[PDB]
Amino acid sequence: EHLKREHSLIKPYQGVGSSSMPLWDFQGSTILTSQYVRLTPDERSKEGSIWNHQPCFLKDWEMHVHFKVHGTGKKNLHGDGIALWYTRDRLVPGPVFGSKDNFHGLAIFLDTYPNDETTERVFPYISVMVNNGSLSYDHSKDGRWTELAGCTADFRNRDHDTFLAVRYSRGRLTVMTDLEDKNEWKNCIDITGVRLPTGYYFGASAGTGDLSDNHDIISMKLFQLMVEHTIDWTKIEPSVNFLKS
């Protein structure tokens, strides 16, 4: 395989129920079992996260995330969601799906509650954000101002496993979903001109506010992609270049 075990979270989770070294830190409301990592319980005002121990120096990679978001809150009465991160900093809790705002790097947000009273989107909504420290995620508008790309995705309270794939290679960022039990990656997001350095950390976080939900990570499997390259990659500033209209 091109699986990088050191950047993966897999049952039985290394170093947790044993003497070996763990590969992730568990932070905040996060709790372990043998079958999942629960970032938040179905309780209000929680923030939990997991952060990979080692910085990733792969230039080209694909993360497969087996997650589960589930709860008993009626109607639209659930929240807030999960974020996946490839960021300069790790372990800092905060208001952005459990983690710090004004981050450096990449976020993939799985947003389950529409804060935006005048929203056009259908939720739950998966979106991507690239940040160089300057941008703040605006909850009241569901991060509308800072979203690069996004898609509606029915990932909540499902009777079968739910997965997301996040692929990053040569400026191209692709997010795909497997939510329907078709054993198929369905496209959600596909953009180019994304500039991210090496040496950042993988992480996942979730938060709840006045509304709650269980947010579980079952596994995260990171694969190295076999990509020819013909420059200090740790010094790349996170940014996006845009095609002119």
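In this text, residue numbers run from 1 along the sequence as written. Take the two forms, superpose them, and find the largest set of C-alpha atoms that agree within 1.5 Å; that set is the rigid core.
Asks: In 4 other deposited structures of this protein, superposed by the rigid core, which stretch departs further from the shown form in CA positions, 112-120 or 125-133?
Replies: More C-alpha displacement in 4 other deposited structures of this protein shows up in 112-120.
Asks: Aligning on the core, I want to see which stretch wanders more in 4 other deposited structures of this protein. Is it 160-168 or 140-148 by C-alpha RMS?
Replies: Result of the core-fitted comparison in 4 other deposited structures of this protein: 140-148 deviates more.
Asks: Is there a break between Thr230 and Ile231, and how many deposited residues does it span: none, 1 to 3, 4 to 9, or 10 or more?
Replies: Per the deposited record, the segment joining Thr230 and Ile231 lacks coordinates for 4 to 9 residues.
Asks: Output the stretch having the higher mean C-alpha B factor in the entry; the candidates are 186-194 and 50-58.
Replies: Stretch with the greater average CA B-factor: 50-58.
Asks: Output the stretch having the higher mean C-alpha B factor in the entry; the candidates are 76-84 and 138-146.
Replies: Between 76-84 and 138-146, it is 138-146.
Asks: Kindly indicate the residue among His104, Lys100, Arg172, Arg121 with the greatest C-alpha B-factor in the PDB record.
Replies: That would be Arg121, according to the entry.
Asks: Is the Cα B-factor recorded for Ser219 in the lowest, middle or highest third of its chain?
Replies: Its C-alpha B-factor belongs to the middle third of this chain's values.
Asks: Name the third of the chain's ranked CA B-factors that contains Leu32, choosing lowest, middle or highest.
Replies: Highest third - that is where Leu32 ends up once the chain's C-alpha B-factors are sorted.
Asks: Could you look up the Cα B-factor of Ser127 in the entry and say which third of the chain it sits in: lowest, middle or highest?
Replies: Lowest third.
Asks: Test of reading the entry: by CA B factor among the chain's modelled residues, which third contains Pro95?
Replies: For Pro95, whose C-alpha B-factor we compare with every modelled residue in the chain, the answer is the lowest third.
Asks: Sorting by Cα B-factor within the chain, modelled residues only, which third would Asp181 end up in: lowest, middle or highest?
Replies: It belongs to the highest third of the chain when residues are ordered by C-alpha B-factor.
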